[PDB]
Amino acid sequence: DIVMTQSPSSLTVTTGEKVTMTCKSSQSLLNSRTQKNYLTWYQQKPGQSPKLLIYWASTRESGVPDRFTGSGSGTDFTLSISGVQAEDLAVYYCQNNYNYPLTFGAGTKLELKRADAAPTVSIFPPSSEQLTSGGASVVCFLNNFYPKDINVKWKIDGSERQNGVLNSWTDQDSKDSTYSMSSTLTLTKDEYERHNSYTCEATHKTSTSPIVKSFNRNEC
């Protein structure tokens, strides 16, 4: 079987620059009679079906933008993007179309670099309806920030809590290139009423001091 090796696995670039990713095969993909290399490139945007970009190592399918170029022969191939845009955010895959099995490479994830942006933090106490059910979730939203690296801690009455937390991140926005995060702390209605101060504390590159949002249960 032919092994397809792609590199790098992740790539962060700024709008307008030239990008280059590599795909190597353990054996030649060249057909001597036709003089063509059967290597195919695909693009998969977040939450979408893959899309074929180039076949025969360098032939673009109709409709594919001119900034996408493919080259190489034998065992070494490359995909280049001249002037990467915000919508080029996706994972790129190469595939063997020379012989069975038609194996795919592991892919190269492309992310965009933009100016640092501080997260907008909001905290939300449990809704009365959830409390009636004997449950209590505290939500903290951290929207539109960059870079992706961020750390969130939950403090209840000043003490850190490491249980009942559930985090979730969105993909990089295809327009403003930012990330957003959601963190939910779930407790029982009883456990919730035993404490008073609830704090969502975030640490991000854009600030020397931790960004804090908080509320007191017994108040309104």
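Position 1 is the first residue in the sequence shown; the rest follow in order.
Colleague: Comparing 124-132 with 103-111, where is the mean C-alpha B-factor higher?
Modeller: Mean B over CA atoms: larger for 124-132.
Colleague: Which of the two stretches, 201-209 or 18-26, shows the higher mean Cα temperature factor in the record?
Modeller: In the deposited entry, the stretch with the higher C-alpha B-factor mean is 201-209.
Colleague: Can you pull the Cα B-factors for 183, 178, 69, 34 from the entry and say which is highest?
Modeller: Largest recorded C-alpha B-factor: 34.
Colleague: If you check the C-alpha B-factor for each of 38, 169, 192, 42 in the entry, which is highest?
Modeller: Answer for 38, 169, 192, 42: 192, with the highest C-alpha B-factor.
Colleague: Report the third (lowest, middle or highest) to which the CA temperature factor of residue 73 belongs, ranking only the modelled residues of the same chain.
Modeller: Its C-alpha B-factor, which the entry lists for residue 73, ranks in the highest third among residues of this chain.
Colleague: Quick one: classify residue 158 as lowest, middle or highest third of the chain based on its Cα B-factor.
Modeller: For residue 158, whose C-alpha B-factor we compare with every modelled residue in the chain, the answer is the highest third.
Colleague: Which third of the chain holds residue 65 when residues are ordered by C-alpha B factor: lowest, middle or highest?
Modeller: Its C-alpha B-factor, which the entry lists for residue 65, ranks in the middle third among residues of this chain.
Colleague: Using the B-factors in the PDB entry, rank residue 59's C-alpha atom against the chain and give the third, lowest, middle or highest.
Modeller: Lowest third - that is where residue 59 ends up once the chain's C-alpha B-factors are sorted.
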